[PDB]
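**Q** Quick one: this structure, given as structure tokens, is what I'll be asking you about.
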Amino acid sequence: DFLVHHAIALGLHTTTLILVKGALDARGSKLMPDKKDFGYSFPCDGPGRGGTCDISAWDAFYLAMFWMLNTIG
Amino acid sequence: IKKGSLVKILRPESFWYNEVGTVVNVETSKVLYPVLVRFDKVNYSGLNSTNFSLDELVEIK
Amino acid sequence: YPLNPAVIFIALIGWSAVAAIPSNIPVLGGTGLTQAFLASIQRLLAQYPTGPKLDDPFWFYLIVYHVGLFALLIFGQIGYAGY
Amino acid sequence: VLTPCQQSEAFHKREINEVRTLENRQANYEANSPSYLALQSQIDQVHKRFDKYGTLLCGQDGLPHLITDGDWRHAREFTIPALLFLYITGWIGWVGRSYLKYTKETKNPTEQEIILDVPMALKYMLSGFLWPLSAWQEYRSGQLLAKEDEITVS
Amino acid sequence: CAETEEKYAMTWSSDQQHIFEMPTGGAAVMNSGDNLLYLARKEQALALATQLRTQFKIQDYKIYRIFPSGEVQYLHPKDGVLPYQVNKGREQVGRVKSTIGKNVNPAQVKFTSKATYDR
Amino acid sequence: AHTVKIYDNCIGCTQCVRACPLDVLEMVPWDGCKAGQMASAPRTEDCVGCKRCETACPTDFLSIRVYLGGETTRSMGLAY
Amino acid sequence: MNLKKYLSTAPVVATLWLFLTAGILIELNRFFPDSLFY
Amino acid sequence: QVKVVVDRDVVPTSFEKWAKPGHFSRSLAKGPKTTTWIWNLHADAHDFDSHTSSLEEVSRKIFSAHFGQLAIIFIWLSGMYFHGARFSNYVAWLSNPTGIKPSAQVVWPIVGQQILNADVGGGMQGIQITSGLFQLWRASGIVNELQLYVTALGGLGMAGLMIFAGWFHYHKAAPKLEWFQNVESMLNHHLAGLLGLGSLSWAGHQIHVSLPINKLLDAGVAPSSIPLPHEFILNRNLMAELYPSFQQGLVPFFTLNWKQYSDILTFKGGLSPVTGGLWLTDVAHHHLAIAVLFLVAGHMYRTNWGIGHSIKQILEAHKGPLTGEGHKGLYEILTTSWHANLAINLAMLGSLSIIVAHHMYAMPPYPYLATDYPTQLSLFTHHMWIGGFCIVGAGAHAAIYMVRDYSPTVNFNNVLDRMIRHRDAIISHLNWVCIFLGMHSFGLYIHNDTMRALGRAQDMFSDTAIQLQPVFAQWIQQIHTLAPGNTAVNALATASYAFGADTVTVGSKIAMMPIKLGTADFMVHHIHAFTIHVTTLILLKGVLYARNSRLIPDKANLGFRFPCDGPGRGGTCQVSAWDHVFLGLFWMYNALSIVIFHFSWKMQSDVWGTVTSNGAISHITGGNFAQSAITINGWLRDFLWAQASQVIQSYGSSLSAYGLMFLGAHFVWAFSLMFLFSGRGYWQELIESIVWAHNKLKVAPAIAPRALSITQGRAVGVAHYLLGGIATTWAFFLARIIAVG
Ligand code: CLA
Ligand code: CLA
Ligand code: CLA
Ligand code: CLA
Ligand code: CLA
Ligand SMILES: CC1=C(C/C=C(\C)CCC[C@H](C)CCC[C@H](C)CCCC(C)C)C(=O)c2ccccc2C1=O
Ligand code: SF4
Ligand code: SF4
Ligand code: SF4
């Protein structure tokens with residue numbers, strides 16, 4: 001019960017790290033502050049400024065769905 | 001305003017928003033962004049030296 | 001590209017007769033290399049569903065005959081490279 | 001139910017099981033074998049291992065559980081390595097912070113983190129020992145924190 | 001294909017029979033005097049323009065955009081001028097008054113057919 | 001079409017035009033900078049939107065922004 | 001002269017130091033094995 | 001012509017440039033303004049063809065780095081001979097090999113891990129060897145520990161000669177490019193000097209060491225009455241009793257009376273039923289055949305004396321009409337670029353390593369190798385995986401040659417770029433073959449899966465159902481049964497017992513059994529044809545589309561490790577020639593995962609196991625392949641679930657480290673996925689949101705903490721996918737068969 005319930009709280013806090021991340025950095029981050037202009041599920045910003053794979057607010061969904069299935073796992 | 005002055009920025013989209021930096025160039029030739037400022041740390045493009053206007057340009061003492 | 005498709009049959013005598021008269025006894029063919037095949041096709045030719053995987057002188061002298069026959073007709077087309 | 005561990009029966013069954021099960025490997029070698037001597041020292045490392053758990057709380061499994069309430073009857077379980085550990089990583093955190101606020105003002109700060117100034121590094125490595133009342137005296141000075149650093153839009 | 005899609009016909013001239021590389025792939029013969037080249041899409045053609053221009057002098061070159069109704073267009077060069085070189089004939093379109101910092105929030109563009117930068 | 005908009009950080013250092021492999025961007029003489037240049041994007045119907053411009057745009061934050069708009073034949077960049 | 005400057009880099013110091021703390025734990029777990037108290 | 005032109009005192013040997021990390025690249029000596037300088041410090045650390053375009057300075061760097069590699073290999077082999085000397089039970093193993101399990105590494109006694117010391121007999125415990133070194137040493141004739149200490153000492157001595165060698169060839173005597181592009185001499189000395197004198201001198205070792213010693217051990221003499229290998233050469237009278245052909249000397253050699261050497265050298269094949277390995281008479285005769293045949297093979301390259309070929313006049317004469325120009329250009333391709341040579345040599349090296357794997361299960365060449373099955377297993381398995389990865393390096397370095405060192409001027413209408421003129425017709429028919437083989441290699445498993453699940457087992461592809469007996473493999477396998485009398489005329493037994501006669505039982509353990517291939521083995525071969533064609537699809541797509549695709553018509557301008565082009569063209573993520581190598585590593589893990597899962601389960605059902613009296617047979621799984629390989633529930637149940645029982649129940653026992661390398665290697669596997677699925681546009685401002693928490697406390701790192709780059713952030717996902725996924729099968733295999741074999 002101890003070690004698992006800590007694992008569950010790990011799942012809740014990771015999954016809210018992701019969701020609260022790309023829900024509060026949904027609008028603009030210091031990588032790209034243009035994010036509010038592109039809508040929700042825009043793909044990327046290209047390789048520019050280091051590379052921008054999955055910057056959108058849709059990524060927080062896209063990754064915390066893995067953490068959802070894991071945590072409910 | 002002057003060259004070499006340590007300047008904090010007030011434009012929220014710069015990488016160096018609320019970080020002080022040294023003024024390299026001040027141009028008096030009607031440029032909308034005349035003040036070329038470089039920094040200690042570096043943004044994602046590998047480029048510290050950018051430029052700014054006068055409203056986004058706060059010196060210190 | 002196939003500029004000279006002149007003859008094919010010259011390979012056949014070019015491959016049967018170079019393997020018929022050499023017997024080289026203690027192998028599958030106690031006779032020559034091609035006599036052990038042409039003798040071993042007329043037993044099977046008149047609509048015989050036999051010839052299993054243990055049929056040595058037919059199946060082995062299929063591949064060991066055609067792998068030299070193919071090569072010698074291909075080299076027969078190389079026999080129209082000097083033209 | 002948390003029984004005291006020295007009198008839990010299934011705990012002593014784990015004692016018999018690991019001593020005897022480890023002794024099943026001891027039934028291969030002669031009396032002067034170095035392997036056999038290693039299993040002598042290993043049986044020592046099982047009886048000492050189980051007698052030195054005399055004040056834990058092995059429950060119904062015979063496995064020594066812990067307590068994290070700070071009951072002061074179980075402070076040697078958790079809270080004493082808690083204070084010890086927070087001292088060690090308050091050391092490490094204070095050394096890292098003091099070294100970075102050294103090399104933030106050098107000639108080439110980018111070079112200073114590749115190639116550590118082992119002079120000034122092993123200065124701070126040792127000098128961060130009294131970090132509770134050095135962070136408490138820098139925190140009253142208005143120097144531990146910062147203000148008006150970088151942020152995104154809003 | 002040529003029945004329904006735009007074939008881009010890069011035309012150019014040279015001085016010597018050199019060897020360039022196609023955007024299709026593999027080397028090409030490079031007729032010395034004057035030669036055309038029908039291509040598929042524009043990035044192939046201007047990638048060939050960078051393929052030639054970063055090597056050596058290949059100028060007086062431009063693709064005629066063959067569109068399947070029949071007529072041509074003039075890409076690249078447009079104005080006998082190289083595009084990063086400044087000619088005082090190109091009229092600017094595609095600018096706004098300031099940076100991103102004065103773009104409106106998309107909750108002001110919401111339920112309207114505008115863009116988040118139009119001001 | 002991918003709407004390419006070129007803001008007023010554009011100090012006219014022409015890495016955009018030299019970086020774009022499509023000649024959608026040119027340089028326009030604009031007396032607002034030190035170099036007197038500011039890029040323009042007239043032929044955004046040919047614009048792929050590969051954002052190779054925004055890689056080589058050495059402004060503070062991205063004078064030239066490439067908004068991913070419609071997808072025509074040329075803007076999808078398909079060969080056939 | 002510059003050899004110590006190589007011995008002051010990030011991975012070399014990290015191995016001469018994590019080798020040392022790893023030696024603290026391994027030598028401190030032969031001498032005091034099975035330390036669940038304190 | 002041929003001469004040796006070597007610069008002396010080239011580079012000073014100071015420690016000064018060690019204090020400048022990233023001295024080597026002018027694009028990288030700027031100093032780290034970001035942490036991506038750190039990782040690019042290592043990925044550019046061996047871009048020798050990207051430091052400077054000067055091929056001389058590059059070629060000095062690589063040719064000196066080779067001696068660093070051989071220095072690590074001699075440190076490694078000296079490690080194996082010393083761990084055989086000091087730590088191993090090899091002298092005890094040499095008494096009875098079928099009883100004592102081989103072990104070298106004796107785990108230090110700290111908390112718990114002394115339980116990893118497996119009581120493997122020999123009066124001494126320790127973790128069990130599966131690398132099979134002892135079987136290499138009994139074949140070598142190493143009798144007591146002194147030759148292992150001495151050969152480890154010579155291993156360190158050769159390691160010192162390689163360190164001093166590479167130091168000597170970068171700094172104070174380093175050759176010109178005219179030395180390096182002397183390729184007729186390089187082949188002329190590797191075909192003859194390396195391989196030729198290697199196999200000839202090794203035939204000398206086997207005849208004058210291994211044949212008398214492994215005749216005395218074949219008689220069963222303990223390693224005390226065996227004399228030194230040494231003591232067989234001082235007098236022939238200790239060998240004339242063992243082989244009377246040594247009494248005649250070399251006189252029947254020089255008189256060409258080579259009938260007299262039938263005692264020393266023969267052509268038997270098969271397996272010695274006492275030792276379970278090859279006859280070392282056959283193996284020494286074999287290395288004489290490589291000796292004369294390679295030493296003849298060396299002398300086909302004209303160097304100084306106008307006798308031999310050049311590569312140029314060979315390649316130019318193959319000017320065939322369907323290629324037009326012929327091979328005009330490849331000698332300038334393969335003597336100017338190193339990545340091209342690395343593509344060829346890695347392809348042939350890896351495929352040689354797979355050939356090594358097959359020829360070690362089915363013709364076990366070392367004595368008592370097929371009697372301890374883990375060494376029989378993993379020496380198959382390991383030479384598969386380096387047998388795999390080195391192919392993908394081909395697909396890497398044939399791509400890099402197409403990106404970096406390709407030149408259309410020298411390479412105009414030849415055999416090379418005429419492929420690239422129809423690379424759509426290459427990749428399109430690889431595409432068709434991949435889908436055809438995928439349907440007809442895996443749809444048969446979904447088919448038999450459903451038909452066994454729908455109850456209609458008559459409609460499967462079993463033995464009893466619709467049979468798919470592999471006709472050609474059974475037929476040519478029957479030709480190999482009929483080898484030693486018919487066509488291999490002077491043979492006695494077959495080429496292997498994976499083909500022909502009755503099995504070989506050595507100490508109630510089955511050395512090699514005639515493998516039957518029926519209607520399940522068929523479908524696994526079409527798996528292997530399939531997953532070989534997919535990696536050939538990705539690694540020919542990565543070379544033909546390496547430079548100018550019709551999607552992106554400038555990849556030569558972008559580079560090799562570029563991530564992408566952008567969201568344009570609807571998105572062009574993962575499009576570079578590097579990215580196809582990134583995918584070829586996953587499909588490498590697939591293709592070899594099912595090569596070894598085909599191995600380690602057909603050869604636990606159809607070869608391995610024990611025998612009892614009256615010649616009775618008992619496999620490890622007990623014939624449970626052909627009724628169970630045809631589905632996937634039979635595959636996953638009967639192999640990946642049932643064979644886990646000796647890995648998963650391994651706690652408390654000596655196999656338990658594998659039970660730790662089973663779980664944790666799952667971990668790393670799944671830990672790969674975080675790098676594969678996400679991207680750095682998330683992690684960069686997650687990290688920067690943590691950089692807020694450091695800027696608040698003035699713990700701002702001076703080297704600015706970026707996320708990983710895209711090609712790094714996926715490369716690390718491959719490199720954990722393979723370490724995790726490979727180490728799962730590693731601990732599963734060795735934890736399986738040690739608990740039986
Ligand atoms: C200079 C040392 C130093 C200090 C004082 C801190 C302090 C902090 N970090 Mg941390 N961090 C460091 C180095 C450091 N970090 C390094 C090197 C990394 C990269 C691995 C990280 C990665 C990191 C993450 C990802 C996160 C933090 C967070 C935090 C905060 C919460 C405490 C915590 O869980 O730590 C976290 C500790 C670790 C992740 C591992 C320990 C880091 C190293 C190994 C120990 C320090 C040794 C250092 C190398 C010594 C250098 C100086 C010496 C050579 C002279 C705290 C302010 C968290 C935060 O924002 O909370 C508010 C958070 O999410 N840190
Ligand atoms: C017949 C002579 C001979 C022999 C035996 C070798 C052997 C070797 N060469 Mg080599 N080479 C030769 C002639 C020879 N070469 C000539 C004439 C040229 C010029 C055209 C080259 C050019 C060349 C290059 C460019 C490279 C090699 C490499 C290698 C190594 C391949 C790795 C290997 O198989 O590991 C097996 C290892 C061994 C069998 C160990 C053998 C070492 C012993 C001491 C024999 C070495 C003899 C040595 C040449 C004597 C130096 C003479 C000097 C004192 C005057 C191998 C050691 C590659 C390598 O790894 O670099 C080292 C490599 O990149 N060679
Ligand atoms: C289990 C997961 C899985 C599966 C099934 C596949 C399947 C495939 N991959 Mg693949 N791939 C995977 C994971 C997978 N991949 C992963 C994880 C990676 C990461 C590296 C890749 C990377 C990769 C690359 C890089 C490439 C492929 C390609 C292919 C195709 C090879 C051709 C073939 O086998 O056709 C046969 C199809 C099958 C065996 C799938 C099962 C179909 C059954 C047999 C029949 C149809 C079922 C049913 C009748 C459907 C109708 C009913 C329904 C409508 C209701 C094939 C579709 C290649 C490709 O795209 O072109 C060849 C290619 O180039 N894959
Ligand atoms: C791709 C692999 C594969 C293959 C070979 C088969 C084959 C078969 N399945 Mg099947 N099956 C598969 C995958 C496959 N399945 C999968 C993946 C599923 C689950 C999604 C199923 C589910 C399934 C069910 C549920 C059933 C079958 C059944 C059958 C059998 C009869 C089906 C039939 O009428 O064929 C249809 C064949 C054709 C329409 C002909 C097309 C193919 C021709 C031969 C191609 C020829 C091209 C030619 C060579 C071109 C060159 C010539 C040209 C140049 C002139 C047959 C043995 C049935 C059965 O009872 O089994 C006995 C049945 O009930 N299957
Ligand atoms: C007569 C000398 C001789 C002898 C005694 C051996 C003996 C052996 N070889 Mg062999 N081998 C030889 C010559 C010889 N080889 C030659 C000349 C080659 C190169 C073509 C090879 C290539 C070779 C490979 C690749 C492998 C062996 C292996 C083996 C071992 C397996 C046991 C067996 O049944 O093999 C019997 C050996 C054979 C049937 C090989 C016959 C090769 C003939 C002589 C080639 C003649 C070439 C000639 C130019 C004519 C070409 C045309 C021809 C194909 C019709 C055995 C020790 C295997 C091994 O490593 O064991 C684990 C293995 O994988 N050999
Ligand atoms: C997690 C993750 C990161 C973050 C990884 C971080 C940046 C690296 C963490 C490991 C480094 C090495 C930790 C740094 C620690 C230093 C070595 C110092 C610590 C002290 C000792 C260990 C020496 C990415 O950058 C990334 C990029 C692209 C796709 C996916 C991902 C991704 O999944
Ligand atoms: S890969 Fe991810 S980041 Fe690089 S371009 Fe394609 S999408 Fe943008
Ligand atoms: S915007 Fe950036 S790129 Fe475009 S011109 Fe001005 S500087 Fe050169
Ligand atoms: S959008 Fe893509 S194509 Fe149009 S300019 Fe910017 S980068 Fe070049």
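Identifiers for the structure tokens are assigned positionally: chains receive A, B, ... in sequence, residues are indexed from 1 per chain, and ligands are indexed from 1 in the order shown.
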Identify all chain A residues at most 10 Å from chain B by counting only C-alpha atoms; ligands do not count. Present them as number ranges by chain.

**A** A: 28-34, 48-51

**Q** Contacts of range 33-43 of chain C at 10 Å or less, counting only C-alpha atoms, minus same-chain residues fewer than 2 places along, as a ChimeraX atom specification?

**A** /C:15-25,27-31,45-48,50-51,55-62,64-65

**Q** Pull N, CA and C atoms from the residues just selected and write them as an mmCIF file, in the first residue's frame.

**A**
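Output below, filename result-v5.cif:
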data_model
loop_
_atom_site.group_PDB
_atom_site.id
_atom_site.type_symbol
_atom_site.label_atom_id
_atom_site.label_comp_id
_atom_site.auth_asym_id
_atom_site.auth_seq_id
_atom_site.Cartn_x
_atom_site.Cartn_y
_atom_site.Cartn_z
ATOM 1 N N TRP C 15 27.451 -27.602 -73.906
ATOM 2 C CA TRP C 15 27.331 -28.007 -72.514
ATOM 3 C C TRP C 15 27.038 -29.487 -72.321
ATOM 4 N N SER C 16 26.350 -30.133 -73.258
ATOM 5 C CA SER C 16 26.151 -31.573 -73.147
ATOM 6 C C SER C 16 27.441 -32.329 -73.438
ATOM 7 N N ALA C 17 28.087 -32.018 -74.566
ATOM 8 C CA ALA C 17 29.244 -32.783 -75.018
ATOM 9 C C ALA C 17 30.481 -32.549 -74.164
ATOM 10 N N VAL C 18 30.527 -31.458 -73.391
ATOM 11 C CA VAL C 18 31.624 -31.268 -72.444
ATOM 12 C C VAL C 18 31.374 -31.980 -71.127
ATOM 13 N N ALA C 19 30.230 -32.645 -70.980
ATOM 14 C CA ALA C 19 29.921 -33.376 -69.764
ATOM 15 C C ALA C 19 29.442 -34.798 -70.026
ATOM 16 N N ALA C 20 29.269 -35.191 -71.287
ATOM 17 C CA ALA C 20 28.768 -36.526 -71.592
ATOM 18 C C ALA C 20 29.866 -37.573 -71.468
ATOM 19 N N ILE C 21 30.900 -37.463 -72.295
ATOM 20 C CA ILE C 21 32.016 -38.409 -72.284
ATOM 21 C C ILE C 21 32.875 -38.412 -71.011
ATOM 22 N N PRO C 22 32.991 -37.321 -70.164
ATOM 23 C CA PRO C 22 33.613 -37.560 -68.854
ATOM 24 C C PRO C 22 32.694 -38.338 -67.933
ATOM 25 N N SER C 23 33.074 -39.568 -67.592
ATOM 26 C CA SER C 23 32.243 -40.374 -66.704
ATOM 27 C C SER C 23 32.353 -39.883 -65.268
ATOM 28 N N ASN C 24 33.561 -39.967 -64.706
ATOM 29 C CA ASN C 24 33.897 -39.637 -63.318
ATOM 30 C C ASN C 24 33.001 -40.419 -62.352
ATOM 31 N N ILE C 25 33.239 -41.729 -62.384
ATOM 32 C CA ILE C 25 32.416 -42.826 -61.863
ATOM 33 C C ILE C 25 31.777 -42.639 -60.483
ATOM 34 N N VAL C 27 30.516 -40.790 -58.301
ATOM 35 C CA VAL C 27 29.412 -39.880 -58.021
ATOM 36 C C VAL C 27 28.092 -40.549 -58.390
ATOM 37 N N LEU C 28 26.976 -39.831 -58.162
ATOM 38 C CA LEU C 28 25.634 -40.215 -58.620
ATOM 39 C C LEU C 28 25.612 -40.846 -60.006
ATOM 40 N N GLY C 29 26.240 -40.191 -60.973
ATOM 41 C CA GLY C 29 26.368 -40.781 -62.284
ATOM 42 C C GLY C 29 27.605 -41.643 -62.411
ATOM 43 N N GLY C 30 27.423 -42.965 -62.435
ATOM 44 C CA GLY C 30 28.516 -43.839 -62.822
ATOM 45 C C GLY C 30 28.891 -43.666 -64.278
ATOM 46 N N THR C 31 27.927 -43.286 -65.105
ATOM 47 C CA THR C 31 28.166 -42.838 -66.466
ATOM 48 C C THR C 31 28.466 -41.339 -66.434
ATOM 49 N N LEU C 45 9.138 -39.209 -68.199
ATOM 50 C CA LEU C 45 8.592 -38.209 -69.110
ATOM 51 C C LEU C 45 7.147 -38.504 -69.503
ATOM 52 N N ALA C 46 6.778 -39.778 -69.649
ATOM 53 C CA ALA C 46 5.460 -40.139 -70.177
ATOM 54 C C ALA C 46 4.382 -40.109 -69.087
ATOM 55 N N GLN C 47 4.175 -38.905 -68.540
ATOM 56 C CA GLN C 47 3.130 -38.568 -67.569
ATOM 57 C C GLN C 47 3.229 -39.447 -66.316
ATOM 58 N N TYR C 48 4.310 -39.208 -65.585
ATOM 59 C CA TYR C 48 4.553 -39.883 -64.326
ATOM 60 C C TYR C 48 4.509 -38.873 -63.193
ATOM 61 N N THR C 50 5.550 -39.393 -60.286
ATOM 62 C CA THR C 50 6.628 -39.728 -59.366
ATOM 63 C C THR C 50 7.734 -38.681 -59.425
ATOM 64 N N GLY C 51 8.913 -39.039 -58.937
ATOM 65 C CA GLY C 51 10.023 -38.121 -58.832
ATOM 66 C C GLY C 51 10.066 -37.328 -57.536
ATOM 67 N N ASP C 55 14.635 -38.560 -55.357
ATOM 68 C CA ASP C 55 15.006 -38.906 -56.727
ATOM 69 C C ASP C 55 16.262 -38.117 -57.056
ATOM 70 N N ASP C 56 17.405 -38.739 -56.768
ATOM 71 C CA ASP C 56 18.704 -38.110 -57.004
ATOM 72 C C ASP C 56 18.991 -37.802 -58.475
ATOM 73 N N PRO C 57 18.986 -38.770 -59.419
ATOM 74 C CA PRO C 57 19.532 -38.456 -60.751
ATOM 75 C C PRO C 57 18.645 -37.561 -61.590
ATOM 76 N N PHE C 58 17.405 -37.318 -61.178
ATOM 77 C CA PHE C 58 16.591 -36.336 -61.875
ATOM 78 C C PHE C 58 16.758 -34.950 -61.268
ATOM 79 N N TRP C 59 16.476 -34.822 -59.970
ATOM 80 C CA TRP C 59 16.440 -33.505 -59.342
ATOM 81 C C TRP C 59 17.826 -32.897 -59.227
ATOM 82 N N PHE C 60 18.839 -33.712 -58.932
ATOM 83 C CA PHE C 60 20.178 -33.154 -58.814
ATOM 84 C C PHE C 60 20.724 -32.757 -60.175
ATOM 85 N N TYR C 61 20.488 -33.583 -61.185
ATOM 86 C CA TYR C 61 20.885 -33.249 -62.542
ATOM 87 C C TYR C 61 19.879 -32.346 -63.240
ATOM 88 N N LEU C 62 18.917 -31.795 -62.505
ATOM 89 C CA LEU C 62 18.201 -30.610 -62.957
ATOM 90 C C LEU C 62 19.047 -29.375 -62.692
ATOM 91 N N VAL C 64 22.266 -29.105 -61.368
ATOM 92 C CA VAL C 64 23.675 -29.113 -61.752
ATOM 93 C C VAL C 64 23.856 -29.111 -63.265
ATOM 94 N N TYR C 65 22.797 -29.385 -64.024
ATOM 95 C CA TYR C 65 22.834 -29.216 -65.469
ATOM 96 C C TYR C 65 22.446 -27.799 -65.870
#

**Q** Give as a ChimeraX atom specification every residue of chain F that touches chain A within 7 Å, counting only C-alpha atoms.

**A** /F:50-51,54-55

**Q** Where does chain D meet chain B within 7 Å, residue by residue, with the nearest atom pair and distance in Å to one decimal for each, counting only C-alpha atoms, listed by chain and rising number, as a tab-separated table?

**A**
residue	atom	partner	partner_atom	distance
D:148	CA	B:18	CA	6.0
D:149	CA	B:18	CA	5.6
D:150	CA	B:18	CA	5.5
D:151	CA	B:17	CA	6.8
D:152	CA	B:12	CA	6.7
D:153	CA	B:12	CA	5.3

**Q** Contacts from chain E to chain F, 6 Å maximum, only C-alpha atoms: show me the residue list as a PyMOL selection string.

**A** chain E and resi 40+43+76+83-84+86+90+92-96+98-99

**Q** Could you pull out the residues sitting within 6 Å of ligand 1, using only C-alpha atoms and all ligand atoms, and write them as a PyMOL selection string?

**A** (chain D and resi 92-93+95-97+99+121+125) or (chain H and resi 690+693-694+699)

**Q** With N, CA, C and O atoms retained, export the selected residues as a PDB file, in the first residue's frame.

**A**
ATOM      1  N   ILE D  92      25.529  19.462  -0.228  1.00  0.00           N
ATOM      2  CA  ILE D  92      25.767  19.414  -1.671  1.00  0.00           C
ATOM      3  C   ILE D  92      25.058  20.562  -2.373  1.00  0.00           C
ATOM      4  O   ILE D  92      25.633  21.216  -3.255  1.00  0.00           O
ATOM      5  N   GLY D  93      23.831  20.865  -1.953  1.00  0.00           N
ATOM      6  CA  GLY D  93      23.113  21.975  -2.548  1.00  0.00           C
ATOM      7  C   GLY D  93      23.758  23.312  -2.248  1.00  0.00           C
ATOM      8  O   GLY D  93      23.827  24.189  -3.116  1.00  0.00           O
ATOM      9  N   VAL D  95      27.002  23.814  -1.556  1.00  0.00           N
ATOM     10  CA  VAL D  95      28.258  23.860  -2.292  1.00  0.00           C
ATOM     11  C   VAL D  95      28.010  24.203  -3.749  1.00  0.00           C
ATOM     12  O   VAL D  95      28.716  25.035  -4.333  1.00  0.00           O
ATOM     13  N   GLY D  96      26.994  23.588  -4.353  1.00  0.00           N
ATOM     14  CA  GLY D  96      26.692  23.878  -5.743  1.00  0.00           C
ATOM     15  C   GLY D  96      26.222  25.301  -5.952  1.00  0.00           C
ATOM     16  O   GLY D  96      26.617  25.959  -6.923  1.00  0.00           O
ATOM     17  N   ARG D  97      25.415  25.813  -5.020  1.00  0.00           N
ATOM     18  CA  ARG D  97      24.943  27.185  -5.140  1.00  0.00           C
ATOM     19  C   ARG D  97      26.073  28.179  -4.925  1.00  0.00           C
ATOM     20  O   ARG D  97      26.172  29.178  -5.648  1.00  0.00           O
ATOM     21  N   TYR D  99      29.293  27.657  -5.411  1.00  0.00           N
ATOM     22  CA  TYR D  99      30.237  27.583  -6.515  1.00  0.00           C
ATOM     23  C   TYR D  99      29.684  28.256  -7.762  1.00  0.00           C
ATOM     24  O   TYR D  99      30.432  28.909  -8.502  1.00  0.00           O
ATOM     25  N   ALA D 121      36.748  25.376  -6.371  1.00  0.00           N
ATOM     26  CA  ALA D 121      35.839  24.256  -6.169  1.00  0.00           C
ATOM     27  C   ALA D 121      36.087  23.615  -4.818  1.00  0.00           C
ATOM     28  O   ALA D 121      35.238  23.695  -3.933  1.00  0.00           O
ATOM     29  N   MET D 125      33.616  23.114  -1.720  1.00  0.00           N
ATOM     30  CA  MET D 125      33.364  21.710  -1.382  1.00  0.00           C
ATOM     31  C   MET D 125      33.428  21.464   0.109  1.00  0.00           C
ATOM     32  O   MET D 125      32.557  20.805   0.687  1.00  0.00           O
TER      33      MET D 125
ATOM     34  N   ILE H 690      12.021  24.819 -15.165  1.00  0.00           N
ATOM     35  CA  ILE H 690      12.861  24.514 -14.009  1.00  0.00           C
ATOM     36  C   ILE H 690      13.981  25.554 -13.849  1.00  0.00           C
ATOM     37  O   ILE H 690      14.391  25.877 -12.720  1.00  0.00           O
ATOM     38  N   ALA H 693      13.179  27.976 -11.524  1.00  0.00           N
ATOM     39  CA  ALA H 693      13.420  27.607 -10.138  1.00  0.00           C
ATOM     40  C   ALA H 693      14.889  27.628  -9.773  1.00  0.00           C
ATOM     41  O   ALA H 693      15.210  27.565  -8.586  1.00  0.00           O
ATOM     42  N   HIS H 694      15.786  27.696 -10.744  1.00  0.00           N
ATOM     43  CA  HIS H 694      17.174  27.939 -10.386  1.00  0.00           C
ATOM     44  C   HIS H 694      17.541  29.407 -10.387  1.00  0.00           C
ATOM     45  O   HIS H 694      18.369  29.828  -9.571  1.00  0.00           O
ATOM     46  N   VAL H 699      21.024  29.628  -8.631  1.00  0.00           N
ATOM     47  CA  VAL H 699      21.719  28.384  -8.930  1.00  0.00           C
ATOM     48  C   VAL H 699      21.625  28.243 -10.442  1.00  0.00           C
ATOM     49  O   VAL H 699      21.454  27.146 -10.980  1.00  0.00           O
TER      50      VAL H 699
END
